Every structure is written in structure tokens, then in C-alpha cells.
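Novice: Return atomic coordinates for the entry below.
(chains A, B, C, D, E, F, G, H and I)
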Amino acid sequence: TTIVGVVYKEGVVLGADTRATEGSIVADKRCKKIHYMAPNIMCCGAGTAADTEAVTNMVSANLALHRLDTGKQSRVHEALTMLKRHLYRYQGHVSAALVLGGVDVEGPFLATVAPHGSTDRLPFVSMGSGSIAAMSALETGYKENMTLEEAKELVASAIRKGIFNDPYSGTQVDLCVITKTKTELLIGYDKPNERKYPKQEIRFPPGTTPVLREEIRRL
Amino acid sequence: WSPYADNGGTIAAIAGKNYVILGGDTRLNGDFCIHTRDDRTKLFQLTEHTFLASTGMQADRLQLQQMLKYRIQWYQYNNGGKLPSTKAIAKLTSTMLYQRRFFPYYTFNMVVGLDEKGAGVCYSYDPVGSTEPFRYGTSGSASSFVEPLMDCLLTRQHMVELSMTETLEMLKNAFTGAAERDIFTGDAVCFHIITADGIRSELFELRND
Amino acid sequence: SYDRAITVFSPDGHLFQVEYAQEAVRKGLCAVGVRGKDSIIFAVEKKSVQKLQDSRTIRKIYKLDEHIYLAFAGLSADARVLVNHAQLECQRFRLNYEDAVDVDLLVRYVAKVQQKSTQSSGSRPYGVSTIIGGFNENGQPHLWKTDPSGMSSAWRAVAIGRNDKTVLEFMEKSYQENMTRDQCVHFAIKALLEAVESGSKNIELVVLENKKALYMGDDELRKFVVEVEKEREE
Amino acid sequence: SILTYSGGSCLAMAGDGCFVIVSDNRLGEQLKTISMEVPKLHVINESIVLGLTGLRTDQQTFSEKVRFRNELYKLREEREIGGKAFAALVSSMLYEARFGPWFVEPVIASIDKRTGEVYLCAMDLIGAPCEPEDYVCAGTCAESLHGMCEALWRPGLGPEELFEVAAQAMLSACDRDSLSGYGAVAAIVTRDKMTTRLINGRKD
Amino acid sequence: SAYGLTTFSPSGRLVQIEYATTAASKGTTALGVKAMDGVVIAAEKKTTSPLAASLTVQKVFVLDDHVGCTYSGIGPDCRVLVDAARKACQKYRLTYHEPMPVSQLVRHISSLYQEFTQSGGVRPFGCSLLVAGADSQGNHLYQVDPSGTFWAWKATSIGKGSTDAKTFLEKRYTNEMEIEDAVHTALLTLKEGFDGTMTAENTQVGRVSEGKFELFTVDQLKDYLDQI
Amino acid sequence: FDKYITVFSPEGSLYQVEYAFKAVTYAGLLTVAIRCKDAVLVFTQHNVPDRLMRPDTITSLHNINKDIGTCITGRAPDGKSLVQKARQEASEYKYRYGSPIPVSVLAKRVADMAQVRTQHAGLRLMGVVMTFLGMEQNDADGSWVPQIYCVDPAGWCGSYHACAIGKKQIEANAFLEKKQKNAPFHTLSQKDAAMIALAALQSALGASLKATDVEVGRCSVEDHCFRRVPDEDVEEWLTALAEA
Amino acid sequence: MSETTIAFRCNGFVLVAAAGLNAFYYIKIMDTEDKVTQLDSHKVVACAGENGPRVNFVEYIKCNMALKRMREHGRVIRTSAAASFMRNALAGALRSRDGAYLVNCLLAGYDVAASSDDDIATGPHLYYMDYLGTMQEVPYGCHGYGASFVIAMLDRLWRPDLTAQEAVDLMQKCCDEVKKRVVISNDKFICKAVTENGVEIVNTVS
Amino acid sequence: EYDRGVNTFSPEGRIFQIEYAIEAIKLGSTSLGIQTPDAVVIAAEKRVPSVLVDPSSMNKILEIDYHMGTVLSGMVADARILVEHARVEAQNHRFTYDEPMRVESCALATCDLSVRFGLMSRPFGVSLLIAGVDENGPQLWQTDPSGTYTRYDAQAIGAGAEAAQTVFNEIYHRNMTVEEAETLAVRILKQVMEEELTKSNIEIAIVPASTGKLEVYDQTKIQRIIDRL
Amino acid sequence: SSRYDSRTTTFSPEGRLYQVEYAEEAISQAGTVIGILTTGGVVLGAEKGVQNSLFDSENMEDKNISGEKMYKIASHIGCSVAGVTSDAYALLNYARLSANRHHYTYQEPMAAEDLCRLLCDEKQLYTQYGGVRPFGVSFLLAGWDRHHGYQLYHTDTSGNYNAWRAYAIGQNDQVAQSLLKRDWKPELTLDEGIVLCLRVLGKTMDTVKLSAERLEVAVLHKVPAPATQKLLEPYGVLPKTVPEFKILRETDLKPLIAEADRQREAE
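Specialist: Numbering: from 1, shown residues only, chains lettered A, B, ... in the order given. Now the structure:
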């Protein structure tokens, strides 16, 4: 996995690659690693998928009650804090690692949360197995008060470093853009690995496999 | 860090028709050192006819001595002011040691006293409380040589009644030999002679090295 | 959690909750037990014959184990609870001791369940009396009665519930040592019809022998009620 | 390993308003074969098939929990559960047991009765879903199933061509696996019918 | 204190449940109307003085994105149920990754009401709810009472002006109302029983439509009030 | 039998709630809060009947945290119990969410604490009205707005432009209603709102006030903290009112 | 696997057999322990494994079934329910504090119509179980070190239509093969048969 | 009855629940014990409620342990609970210290449990005479619902109590024989019973200092005492 | 506070549990419910309240799980209730959960008498322990099991239960038992049993024509067994027939409200 985030003049860009693996085999080429937290807060996840899914869901549910209760917009700091309390309690047994990004009344906010429960708010971050490669694009290319376009080009380039150099990351770039007013997912923003040799179609004429026994059931 | 220390030394007792004699050395050993040459915790009086005598870890013998001392106070309050006999305390003690089956007292103990007929007895225990009543007993660092010697002189099984005095001399001789050869046993011995009249005590010097 | 003290003494050594539990037993349908040589007979009155009631009626005589039955009088729902505890107890005992529980033992278990309900904060007493009968493994019958206070006691024959005292008086005269199986049934039916109106289908009846039990049918029970309705005209 | 103690493999593929799910028939204790007539498929309702592999005591116990919860769902809700809720539910139960897991790996295959859209899920043993559009598989010959399906599967297929793809896959993969085999059972599901087929295979 | 406060009286009545019901009937009027494509619920929110801030008084509540409610009777008791309801919806999401159907949510509210009629040391909730939502089976309007009994309705009203409100809805309700003419009817029914002039600041309105529940802002609701 | 516990009367009324409301006037004190353009002010009676009491120890105003203040009206020690639970609530909220509790949400939690004693039996109700004061941020532009919330023994929570609570509240609330008609409170200066509040007290109590007789707290856009207003700044308001 | 058990189902019966041996390390304590425990009038279970888990386990089954029969007027429970009950308890113990019962079981029953209303298919059923809670209906099955030898003979010789006499011969040969090839001595077998008329010991099989 | 609680004190410092429980014991059968120097003797009225009861089963004399026995009066089912705690304590003693429980300790132990109410809803409506031999010779102790226990040279409890304590302040001297107590026992049972007195209708037990064992008298041996009268 | 305790679980001076008795009165006030045992199944019929134009349906995806008065408990057991509605829902959850636990454990359907006992034990528990009111419900259970065939049960507030061939709870239950008593017979078809139920409701509601909108009927019967999936379960065995609980709609009550009005005019 390679997840990345940056802050730009009016908001946050999150990025991710799309390969999920079991062992050394690709189980799913087009898996979605950018998760909803709230209308104005998203999360990208690395670490153990089950743990990353359970904690994000849980905190997204608890943020939703809190908005019904208060009648106010969720603050990114509130998410960060519910996340860290939960991971702290479990002493890294719940091994979620997260990039969290959002925008609230205090402006853009971007932070990492490690599995032992430590947080770091920073203007650019990476996590996951391709974090190193990615992070080398970010330090050569980040600057202050980037425009939306520059931010998107930097995040995509950072993910592509993961895709081509880390074996546990692959396939394409997904971005998410978060601004005061909207959140915009962009699945397959960059598809640097399309097909070349169009697949040979291999056909089995029906009745190729010997059946001993058949039953039918009308629905 | 272990919860266990062996502070060393030796106890020994001998019974006869109306007395028992009980001895324990006064060294308290540390690791390659000596804390003191004058510890008297090995022997502890429970009633006027009953003693507890212990070796092993000293902090454990101090706990066991207190737990016994309060079970015995409770018996008295629940029993019209009477004290339990030696046979009862010995059964009480076994019961209590067993109960720490799972984290045991590091102690080799003896309950020593007069029986109900006026005669001596000694109960030697293992750390979890199996015992029997016997005419003599010993435990601790030097016990694997004091014990065949007492087997020899008192039972005489490979050959063809003692006074208090002859018995006190045999024990004095047995501790003297223990101190010569067992490096963890030494300094003095405290001896208590138990009769119906009461309790006589006598210190007795041993090698200091 | 509710912890109120329900069963308490009042100004002359009366426990009213226990008394009123025993009132509830007096209103309940009549039950009878009769100990023969080698058979125990439990006989109970059923509510009333209806066209609608189910021919296969529910049983009001319960099995506690292969060799021990119970009949009761009083609150039928309380009794079902009591019978549950007793079935558990017998099986618990097999598991702890391999052998099958003795009747006399099972009776003290039940009676102590009743006694505790007279002293346990939070709870009222059961409103039930029981008649419990069974054999040893040496083949000798026993019949016990238990009451709401928790007091148990053994009998040669016994009645509980409504018209307890009347049936019991009839039975004090007429009882006989070493009655046969058929005599015991006869005598039990007779005893019942001192309280009850008719004897068509308002009687169920168990014959508990050593190594057998029978919930008598309606053919064999009609036969005996007519042998006994013929004797009551003399 | 414990997930391979009992043997077995399962595979599910999607087509166009249809799926197929297949399992092998072997039950074992490591290399000793106990039965050759234990298919691993469970029909939840007209729309949902469940495959379970992993340790057989936990397959047996976890499918009974699924059945129990489904029955209560149907009485409370007065309807059949949809493929996606059933999978979210399954996931929740696996993760309830996160520090002491059920050693099962489920393969769920479903079809929305209205829209005719096919939902596939596979789960790890603590319930992380993997929901692609082509196929899913699990059990002792999952490595060898991957490449069979990558090379035979194609978008669009209808019930009869999807069935051959999915039977050739399972057979060729079970034949390089010592702990799965003895032929297979396949369910083929459309909005309108559910066909089952017992496929012949090798007797080793 | 762990003894029950709600008990049977000789004729089989449970009077604490009838007094609670009495209190739910003395509350300010609220009503609901189910159209062919949405639902609308509405309520009076009059303040006692103009020193109170009108905008903060809530009578209609969002429970989740697809469902809302309103009440009559004892406000503070209503908050307990709103909180429980809101939690049960999120709980259902975590488990099944879809919105809790309105029928299920209403059986959860019911069983909470029913708890407080048998449990030791508690009185019953003194409020009735209208619940309005949309799920895979369509659009729903339910009423729940202090007893824990619920009914589905096409149109109804609870609170002090409710026999008249219900009479008036019998006449004007049709099975082929559109959602905009259901809002109209809702407002028109409130207007009849209402003491004083009815404004966008002393009335509150919610609306299910396109599978989504939403309160009207004051400004949206001023639009619909100048038309009637 | 309904007069002694949390059960409904036959008219659906709760008697212990109504009597808890009487506890509020029984205490003999009047409080006025008022929200102006940039601030929120609270003006309570400081009665020191006894010549020997240390007057800086008698107070109705308390901080719940840096940014939220309360004024207790009614049975005083029931007040302080709620101040302690409010403080505990505020502190738990901050540890759980990592930001200080908003005053609107605080007030709702204290209301829920009251409601629960109206519905369970065996715990007396607190015979107070808690008025909470503080600044709340809007989500849109991030501006800070003054609030006033009151919670009462029934568990009711509402927001106000101004409100009198306590003995003679009826007479004082009417005086504020009259003076609302001239200009909305949210358009007033601190000084102008103060003259209204102070004269509400003087009207109702039937007296003339010195600065020692009132204690006053204040949250403002300039300084969000809840803070007592020093006696000099209140003499300048009372002087302004004796004149005009 | 020091104790071999064997079972197979034929058209109108199940034969079950288990080795008598009880051992303390290498010492034979006795060779006549009956391990084929009758659970009810038409059920038996052959358990393999230590005395203690084995006894505690089958006593717990017996008592819970006995309790189900009085809370139900003596109605006989189906074989497939007894197996389902056994399985839930093996599985439960496996995730419990005290841990698994280390017993391996073969449950054999013959199901017989309760009443006239009863539509039940009437006949013999065999279930294999393991100490983990695996459970599977089977036409024959075994446990212990002798299991593999016997399973293959039965794959070779077992048919469904064996007569009672042929099935005793086959059971006898399976016991001889265990004696001939397993180093642990399983010298004496007790063998019982489950039929429509109930459980009965088979004396000619030793 | 529920107007005042289980704990309430009277204006003269009695606890109501305990007064009423003592009244309960008065409506009991009669039972008694007599201490000689050689032995200690206990006896009771049985009082069956008909001739269909097997009389064995209605014992008011129970062995606590080989050297001590009880006779109860008041609510029999409540006594079963006390007599069980006492059997268990007597055996815990022997377990822990390998000797017989003293009789006084046993009475002390049975009284602790009497007053555990506020937990149990009410006192026990029961009094016990415990009788046995330890080292202090034959002893007879009596416990009551207050949890007081007390040693007696001879006592009775029950309906015939107050009448048996005027056959005591006459005929009872400290210095009697086995025989004279076994006869004085039956003299008092005849007096305060309602029935005619028979060998089936009463129970007698002794613990003699000679052997230190409780013995329960046959009906053969109770004939011999009615005879001597 | 102990002086304001009502003492719900305390006997009164005659061996009578007043709260058990008053809760039974509450059931007598409730809508009529009738059960009839026939040879081909059990029939449950219930009167409903008066039909307001403004009522609506829940519009549930499956129609044979719950009407206004009939509930499925499991596929071989259904019921009808009289008394406090919310009390009924708490107990019906209890019963659904117990029936499904039994399937979980024995993988076989719970016997209807066993189910009934668990239900009644739950009720008895609030009569002895716990300082709170009892459940104010009475049930009629219709059941099929292989031990006993079709079975109809009634459960009363005491935690008592009894079997019947026909029964009636609620409002006019004496008038109703009078009629069933006369006209029940041990040879009924399920279609006649339905008719007889409708007549008995027609004579207790007090109308000449049977309003089909004031009636609910449910039947516990057997139907031919569905698919045998011998490939997914080679040791599965299903019987020819299985029980079903069915909540008859208006389109099935048309030829049966017609045959109850030709038996109403010819009388």
C-alpha cells in the first residue's frame, strides 16, 4: 500500500493505489482505499485491512451521532482524537495506520495515525509499504500554497512511485479532494498500466465438462 | 529476581519419654555473605508445650509463624480459652501448607512438642505439608549428615532410654560436627528443652568461620 | 434487584406468607397417595370433563427419574418449577455419584427448596404441596409429603388439597397393611370420591411398581370406578 | 497449519445476471481422507450462496451461527437479507472474534433480485472483505485458482459458459492439490433459476 | 428503589400508563401526512415569551439520514427516545452497512417504552412520537404511544388539537396527493387549530422525499406559507 | 401517593417537579442575564445578610471551565452539586473529543441529568435553575456568538435573549419584555444592555442597588473567558442609570 | 490412537466395536474395558481416548439426554439430534478455559417412529466425530492407529446389503487385522449391534 | 406487618422480629435435656398428625456428631438448616485439627448463623438443645433466635416449658443418677402432653461420660421406663 | 420508599395473587381470539378494531409473518394474543429466540409443548421474584410436531397452560365456547374449520354479514415439501410434507365468507 496526503491553499488532497494482496498474489486489482469518515473528512488506510476498516467505521458512526447531537460540523481534530484513544487502548494489537484529512472551520487538516496510537499533524504525509518511495517525490516537489492542480499532480506522482517500485502496491491512482464546501472522489485519476497484448480468448463450448448429476429449481 | 531465597542453617530435635529437645543454629546467610550471626527466628514458640522450627527462606518462616500465631489465637477465642494440643497444631500446619500448594512457602518445618500423655514428639513436614510423628527430626543445610548419625546412635540397627542430659550432649555433638563441615551452618545454637514444668533455654557456641 | 423482606414474623409467631401459601394448597384439586406391599398409587382429581379439553390431557403427575413420581396440589405453575429443580437434582446426583438418587434424599432436596423460599428476601414462598413416592434399589416403597413451610414426612397414605381432612379421616379407618396392586387402586379411587363429584374422566392414576410405571388408560380406569360406584351403594 | 487441516477449496465467478459457485468434496485430517461427499456450499436464500473453507469444526459452528441469525432476521424484518447486508453481517461476526478467531474463510456470492447485479465477497478469517467483479476463491488450492481464472474468465459470460470456465478451474486446480478433490458441486444462479451440478473428477 | 411503579388495578387497567397517555395528549399539536412519494410532519413551537429564542426550540428531529420524528407531551422524555433511536440506527449501519428500516426502528422505540412500564423504580415516558422515514419498502408514518403501541398511518395528529386535526384530514386526504400538496395540507391543518398568527418561526416542518429526511429551514418554510 | 414520588398524577402532571420549581423562588434571590451585540452578561443578587460573613465567599457564579460560566438560582447546595457534575461532564467531553465542550451541548447534558431524576424514584430533584453563559463558534464564517441557556428541574433546556429567574421573576421578565420593544437586545452595546438588566432588578426588588449588592459575570467576543466584572465597571453602569 | 474403534452401517443395523485395552504407559492395566457406551435404547457411542475425558464426556451426554426425555414424556430423540448435541459440546469445550475433551467418537443409532403422526425415515445412522467437533455422517468409520488398515479393508469389502452374519464375519476380520499389524496390543474387542429392536452385544466377536 | 421493618427496635429495646420468633417456639412440641454427672439425657414429644404417618421420619433428635446430639423445638424445617450448618462445622474442625469439636464451640457456631438477617428475611423460629460429652464432661446447651446461647443443668423448651420448670425447681437436684433423670424425663412428658403416653410417642437419647457416644433408645428400652412409674 | 412498594409478588389473605388475577381481567377485555383444531391443521381467528380510512399498511416484503394478531414463532408454530400488546411483543421475542436456540443446539424443530413450557416459565418468574407487575397476556399456540401432531395450546397469566380442541379468549369468550362446544366435531376439514371460526366471530361481533376487513385468519397446516437438494446435502432427508404458518388474505377468504353466510341464512 501507498497512501499519501497533502495540504494546499484551499484544502486537502489524499491519494492511494489500488492493489490488495494475499501473500504474494493480487486478490483485487481495483480495491478502494480511500474511506468516508464525514461530509468533510476522509481517511486512507494501510496496515491490517480488517482493523483499518473496523476503526474507521466505528469512528465514522460515532462522529455521525455527535453531529446529530450537537448539530455542528465534525472537526478533523475530533476524529483524530477518537482514533488515537481507540488505538492507544489496544496497544497496537489493532494495527490500523491512517492518513486522515479534512477541512473544518479552522481550515485544512492533515494527520497520520500510527497503530500504537501516536498522531502527527503535518503538511504532507505518506504511509504504507511504499511510503518511502512516495515520500521522496513529496520532499522534492512540495511547496507552500500550491494550487489544486499542482497538488493533484504531486499526489499522483507520489503514488506512481509506490506503484512502480514497491511490489505490494500497484494498478492505478485514486485521489480524493476535500475543500471547505465539497469532497470529490476521483477513482482512476491515473491509469499508467493499461493492457498491451489484448487477451487471447479461450473458449469452452458448453458440454466440455462431464456432469454426473444435475438438479434445477425455479425462482 | 526470584521470589525465593535460601538463608541456610539447620535445626534438629530429639524426643524422650517426658521431654523434647530442640535446636537451631543462629546464622542468617545471604548470597556469598552473612547478614548476621545472631538470628533467632528459626525457632518460634506457639504454646507452652509446642514449638515451630523452620529452615529455608527466612521471610517465609516469619509469615508462617504469624499465620499460625493468629489461627491459634482464634482457636482460643472460639474454644473457651483453651489452647490446641501439639497433635492439633501439627494437623493445622499441614492443612495450611497444603493450601499454598500453588505458590508454596519455601520452608522445611517441624512442629515439636509434648503429646497428651506427656511424651515428646516431632512432626517433620515437606513444603506442602506431608508429615508423620517421629522420635527425632532434622532439616536444612546440614541435615543430610546429621540424620544418619541420629539414625545410627538412637536406633542402632546395624549393631548387636536416654536422659535429658545425654540427649542434649548428643545434639550438641551433632551441631558441632555440622558446623565443621557445612559451610552454611555455624555461630551458635539455641536449645530449648520442653518438659511439663516449662522451658529451659541454653545458648551453645559453634565455629565462627 | 429487589431484596425486600417478604416472609416475616408477626405478633404471635405467625409467618403469614407461609399460611396463605397453605390456603392456596387447600383450594387446589385433591391428590392422594397410597403405599402397598410393592406398588405406590398416585391419584388426582382433574378440573372437569369437557368436550373441548384435549383427550390426550396434560399430565399432573410428573416423573422425576426412572423410579420416582410426584403429584401435587396448589399453584400448578409453581409446581412445574419445583418439578424442574427436582429433575435437575436427580441428574446432577447421577453425575456426581454414579448411583441413582434415593427417594428420601430427593425429598429433602425439594423440602429445602421450599424452606429457602420462606426465608429468601426478594421472593414469596411456593404455593404447593407434593406427594413423592419411589423405591430404593432394594425394592421397598416410600411415600413422602412436603408442605410450603418446607416440612417433609413419610406416610402409609396421604391426601392433600381440597377436602384433605375428610379424605384423610376416611383413610385412617380403612387403611390396611400389605394391600395388593388392585386393592391399592380400589382404595385410592374410593378415597377420592369422598371429595369429588363423579368418577368418569376426572381422575388420573399412576401405578408405580418396582421396575415399571403406568399412566392408566380410560378403559382400565372406568372398570375400577364402576367396581367402586357399585360398592358405595351398600 | 490449521486452515489446511481439513482440506477443501471454493470458487465463485460472476457473469451477466448470473453466478456460479463451486466447491470440492473432500474432507480430511491432513493426508488421511475421511469422506469424499462433503461439499462446502450453503444456500442462504434464493439469492445468496455461502462457501466456507478452513477447519471443519469451525465451518460447522460458524454456519450454524449464520443460520441462527438469519432466521431471527427474517422474523423481525419480514424479508430476506440482501447479499451485501449478509456480507457485512458475516464480517461483523468474524471480527467479533478478532483476538481468538474462527478459522474459516468464507466466499459469498449473491445477486440483487431487482437490478440483476452480482455481488461477490471473500473474507479473511477476521473479516476483511475483498469484493472484486470477476471472481473470488479460498482454501488449500487458492494459489492455483487465481491463475486459472485470470486466463479463462472474461466479462459478459452467460450461465453455461460461466459454468465451464468455473468447472475447468476447480478441476485443474484441485488436481495439483493433495487436500482438495474428489470432484465438485456447483450452483449456478440467475434471477430466475438455481441449477446444481455434481461434476466428475479424479479419485485421488 | 427497585419495585414497579406501574401495576394492575382491579378492572385490569394499568393507570400509570393512562396518566402518561393523558400527558401526551395535553402537549402541543403535531401531525403527519403520507403522500405517494414522501411524508411530511409538522409541529407548533410557540414560546412562552419573546425573550426566549425561537430558533433553538426543536420539535422535529433527524434520527438518521432517512428518518425523522416529532412528539407531543413531555419534551425532556422525548430526548431520551431520540437519543436511543439515533444510536440504534448507527448500530444497524455498523452491522448491515445499510439504513435501518423504519419498521425495525419503531419496534425498538416501542420496546424501550415498554421497558419503562414494567421495570422497577421508573415511571412511563409521557410523550407520543410520530416517526417518518423511507426505506426499501417505501415511505412510512408511524405513531407510538406511552404504552409502547404503534400504528402505521396515512395521516394523523397527536396533542391537544388532534380530534379536530384528524377530522379535517379525513376529508382532505387522498391516496394520490403529491408531496408538495401534502406539505400544503399539513400546513393548512395546523392553521385551523392554531392560536394566534402562524409564522415560519413558531412552526417546524420536516419532509421525507427522494429517500432523505430533512428539516425545512425558516426561509424554505416562509416560501410555502405565503402561498397558503 | 403521587405527591411523594415520580409518578404521574391523573392530569399527567409530575408533582415533585412542580415543587422543585417552588424551591427556586423559596430561596429569595433574583438573577438577570442578557445577551448584547458582542457579549453576554449575568447579574445576580449578592446577599450577605450577616455582618460577619466574608462576602467574597458567597457566590452564585461559577466557572464550568475556562470559557463557560453558570449562575445558580435556588437551593444553593443543589446548585453546587450540578456545578460539580457539569465540571465532570466538561472534562470527560474534552478528553473524549479533544476540544472544549460547547455551551449548547453542556446545557443539554445537564438537562439530561435532571430528566433522569424525574423518571427514576429515590433521588431528590435539584431545586435549581442553572443559567449557562458562553461564546459559541458558527461553522460558516468562524465567528463567535454569545449564548444564554437555562436548564430547570424538569430537564428543560432553552436558549434566551434575556431572562430573569428567581423571586419576582414575573415582574422582572415583564420589564425586559417592555424594553425589548424599543430595540432588539442583539443590537445593544454592553453598557446599554447593562442599564436594562440593572433596572429590571431595581424595578422588581423595589430598591436602589449598590455595586456590592450584585455580582456580575461576562463573556465577550474580545475575551471569550467567563470572568467576573470588577466593582468599578458596575459603579459606572449604575451611575449612568441614576442619571438617565 | 492406542485404542482402535470401528463401525459400519448396513441396511438394517450398525455394528460397533472397540478395543478393551487400558494402559499406563507401557503397562497393560486391563484389556476388558467396555468402551461402547449405550446412550439410550437404540443408541451407542464408541469413544477412544483417556478414561477421564472419555467418562466425563459420555456421562454428560447421558444425563442431558435423560433430562430431555422426561421434559418430553419419554419421547426418543433422533440420532441426528444426539449427534448435533454431541458436536456442540465438543466444539464448545474446544474454545473453553478447561479446553477440549480429547475423545474421538462414533455415534450409532437406529431411528424408530415416535407416533403415527411421525413421518421420520426409519433406519440406521452412523456419525463420525472428532475431539474438535468435526462431525459427518458416514457408512463406516474408525479411530485410532488401527483405523487406516480397517478403512481400506472396508472400502474393499463393505457393501450395504450384508446380512447380519456376513457383517459379523467382516467385523471379526477387521479386528484380526488390527491385531496383526498394530504394535500397540488391541487384543480383545467388545462389539455391539444396534437394530430396530435395540442394542445387543455380539459375543462371537472378540 | 409491613408497617415496621425487619430491623425495628421496640421502645424497650427489643427487636420485634426476635420477640415474635420466640413466641413461635412456644407453640412447639415439648423437648428437654437433663444433666447428671455421669451422663446427659435428652427427650421429646413426637406429636404425629395421624396414624398414617410413619413415626421414624418425624425425629426431633438428630446426631450432630458421634459425641453430640440435638433436640429441636419450633419450626422443624428451619432447624434442618441449623443442624446442617452444625454437622458441617463439626466436621471442619475434625478436618483442620484432628479432634472433636467442643460442645460449646458448636453452640457458638450455630448462634452466629441465627442472627444473619436484615441475607435472610427473618430470624430462625427455632431453639436447640445441644447435648454432648467432651473433656468438661456431659454438657447441655441451649440456643435461641436472639443468638444467645447458654449452659443449663436441665431445661425444657416448647408448649410444656413453664410447667416443666416447676417439676424442675422441685425434683431436680444436681446429684442424681442416670435412672432418676431417665424417669424424671418421662414424668414431665406425661404431665404436659395432651395425648396418652406410649413408647412410639416419645424419643430419648443419652450421652454418658462413660463412653462419650450418643445412643438413641429403642422402643424396647422406652417400655422399661414407663414401666418404672 | 419501601412504604410506596405495591408488593406485586406477595400472597394475600386467601392464597391469591391479586396482580395475577387483575391481569387476567385485562385479557377478558381484549379482542376475541379463537383457536380450532382440525384434521388438516389448526385455525386461529381474531376480531380486529374498527377500520379507520386513514390506517396504512407497513408494506412488509413477507406477508405470512405477522398480521395485527397472528405471529409466526417458527415454521411449525404460530400464535395469537389477547391482552397488553407491548407485553405480547416482549414475550413473542422470547419465544422466537428460544425456538431458534433449540434448532441451534439439536438441529431439529422444538416440540410445541416444550416451547409452551418455556413461555409459561418466563411468566411464572414475574409472579414469584422481582417486585414488578406480571405480563398481562394470554396466548394461543398452534403447533405441529412429530411427537403429537397438530396441537393447540392456551397460556394464561399465571404461567399455566392446557391443550384444547377449540378455545376462545378475550371479550365474549363464554358466548364463543358455547358455540364451539355445540358445533365442533373430530372429523373437520381445514376449510370447514375455517368456516366454523368465521361463524363464531360473526356471532360475537354482532353482525349479519361478515365484514372481511374486521377478520384475521391464520392456519398452521402442512404443504408438500420443497426441493430436495441432494447434491449440496447428500445425507439430507426431508419428509413428503412440512408445516407452514399462513395468514390468509382476502382473496382466499372470499369463497369462505360466502359459505358462512349461506350457513347464516339457512339458520
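Novice: Flag every buried residue along stretch C:220-234.
Specialist: C:221, C:224, C:225, C:228 (16 or more other CB atoms under 10 Å in any protein chain shown). C-beta here means a position set from N, CA and C on the backbone, and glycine is covered the same way.
Novice: go on, stretch H:171-185?
Specialist: For stretch H:171-185, the neighbour count (16+ other CB under 10 Å) marks H:172, H:176, H:178, H:181, H:182, H:183, H:184, H:185 as buried.
Novice: Same check on stretch F:190-200?
Specialist: Quick answer for stretch F:190-200 (16+ other CB under 10 Å): F:190, F:193, F:194, F:195, F:196, F:197, F:198, F:199, F:200.
Novice: Need the residues that contact it.
Specialist: With contacts defined as CB atoms under 8 Å, 6 or more residues apart in numbering or on different chains, stretch F:190-200 is touched by F:32-36, F:38-39, F:41, F:43, F:162, F:164, F:172, F:175-176, F:179, F:185, F:188, F:209, F:214, F:218, F:220, F:237-238, F:240-241, F:244.
Novice: Using ChimeraX, define a selection of the buried residues within those.
Specialist: Only the buried entries of these go into this ChimeraX selection, using 16+ other CB under 10 Å:
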select /F:32,33,34,35,36,38,39,41,43,162,164,172,175,176,179,185,188,209,214,218,220,237,238,241
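Novice: which ones among the contacts of stretch F:190-200 are found in helices?
Specialist: Cross-referencing the contacts of stretch F:190-200 against helices under DSSP state H gives F:172, F:175, F:176, F:179, F:237, F:238, F:240, F:241.
Novice: Just to check, the first one is in contact with residue F:34?
Specialist: Looking back up the chat, that one is residue F:172. No. The pair residue F:172 / residue F:34 is not scored as a contact, 11.3 Å apart, by CB atoms under 8 Å.
Novice: show me what contacts residue C:144?
Specialist: Applying CB under 8 Å, 6+ apart to residue C:144 gives the contacts C:103, C:104, C:107, C:130, C:131, C:132, C:133, C:152, C:153, C:154, C:155, H:57.
Novice: residues touching the closest residue to residue F:220 other than its chain neighbours, list them.
Specialist: Leaving out its chain neighbours, the residue that sits closest to residue F:220 by CB to CB, 6 or more residues apart in numbering or on different chains is residue F:39, at 3.9 Å. Listed by CB under 8 Å, 6+ apart, the contact set of residue F:39 reads F:146, F:190, F:193, F:218, F:219, F:220, F:221.
Novice: Helix or strand: which one has the most centrally placed residue in chain D?
Specialist: Nearest to the mean C-alpha position of chain D, by CA atoms, centre = their mean, lies residue D:51 at 2.7 Å. Here residue D:51 sits within strand D:48-54, counting by DSSP states H and E.
Novice: Quickly check: the helix or strand following that strand near chain A or not.
Specialist: Remark: after strand D:48-54, the chain's next helix or strand is helix D:56-77, criterion DSSP H and E. No. Helix D:56-77 stays out of contact with chain A when judged by CB under 8 Å from any CB of the partner chain, the minimum separation being 15.9 Å.
Novice: Run through the neighbouring helices and strands of helix D:56-77.
Specialist: Contacting helix D:56-77 under the criterion 3 or more CB pairs under 8 Å, 6 or more residues apart in numbering or on different chains; DSSP states H and E are the following elements: strand D:41-43, strand D:48-54, helix D:83-96, strand D:104-111, helix E:102-115, helix G:79-94, helix I:85-106.
Novice: Figure out how far the second one is from the centre of its chain.
Specialist: When you say that, I think you mean strand D:48-54. In terms of CA atoms, centre = their mean, to the nearest Å, the centre of strand D:48-54 is found 4 Å from the chain centre.
Novice: can you check the third one too?
Specialist: Per CA atoms, centre = their mean, the displacement of helix D:83-96 from the mean C-alpha position of its chain is 15 Å.
Novice: What of the fourth one?
Specialist: Taking CA atoms, centre = their mean, one finds strand D:104-111 lying 5 Å from the centre of the chain it belongs to.
Novice: How about residue B:174, nearest residue that isn't a chain neighbour?
Specialist: Leaving aside its chain neighbours, residue B:174 sits nearest to residue B:146 (5.1 Å; criterion: CB to CB, 6+ apart).
Novice: So what's the residue count around the one you found?
Specialist: 26 (other CB atoms under 10 Å in any protein chain shown).
Novice: Assign it to one of the three secondary structure states.
Specialist: helix (DSSP: H, G, I helix; E, B strand; the rest coil).
Novice: isn't it right up against residue B:178?
Specialist: Yes. Here residue B:146 reaches residue B:178: they are 5.6 Å apart, a contact under CB under 8 Å.
Novice: can you pull the contacts of residue B:162?
Specialist: Residue B:162 makes contact with B:16, B:170, according to CB under 8 Å, 6+ apart.
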